[PDB]
């Protein structure tokens, strides 16, 4: 121990200070994902598909994930439009054995994983908990939106550690920071808050070999009660819901060398909703 400065955060960092990464002098090259492999869960859905296509535009090979809506045409669209390698995988992410099998298969098909986006999730749709007289809905949310996120993280983290590099982005939500009204959804709020702090916890644990960040989107447009959204608009400083395309910059920032000193951060993309 003598003759070394040892970290208080994680002694696996080795003698301090650690070495800064080599970076391009041109800011635009920092955002490139050329030569990197990305794996995006929930990429048959709106947000995940937008991020997957953005990563392919940035040069990444993209592993697509789906559960009930096969996304093979999406992977083949990435294939043919951007000349990257892409393939879709079927997985129920609430099953930890299935998550491990899928990620191990992706590592074999692509060689490695450089960027992972833990994005799949489901909403709570049943209103006030106090009237829901069993726990299956609570457990469904926790099992996919928290446990499933962790199954993905734990599994891909072992790949990142083997290679000494990697970027994990978790899709949280403004629901992890505030309480949505008037549609009440305590179970989802709690799971996303756990996601946001799991991000910070894993950033510390994985610092020798990877960065971990999350994005917390606000309301993103996609046959929901018009007066309820009217109240959302009224409480949103920008005055509107967001588009999936307004999220891809944040996910590319965190995935790429643009953010090599950014870890444990939560990037709010919510139209200002968390400010009032």
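Residue numbers count along the first chain shown, from 1.
- The segment from residue 68 to residue 69 is modelled without interruption, since every residue of the deposited sequence in that interval carries coordinates.
- A summary of the deposited B-factors shows that, of 127-135 and 201-209, the stretch with the larger mean C-alpha value is 127-135.
- Taking the mean C-alpha B-factor of each stretch as recorded, 88-96 and 165-173 are not equal, and the higher mean is that of 88-96.
- Across 120, 181, 193, 75, the entry's maximum B-factor at the CA atom is seen for 75.
- Per the PDB record, residue ranking by Cα B-factor puts residue 53 in the middle third of the chain.
- Sort the chain's modelled residues by C-alpha temperature factor and residue 223 lands in the highest third, per the entry.
- Among the modelled residues of its chain, residue 276 has a C-alpha B-factor that falls in the middle third according to the deposited record.
- Among all modelled residues in its chain, residue 16 ranks in the middle third by Cα B-factor.
- Per the PDB record, residue ranking by Cα B-factor puts residue 189 in the lowest third of the chain.
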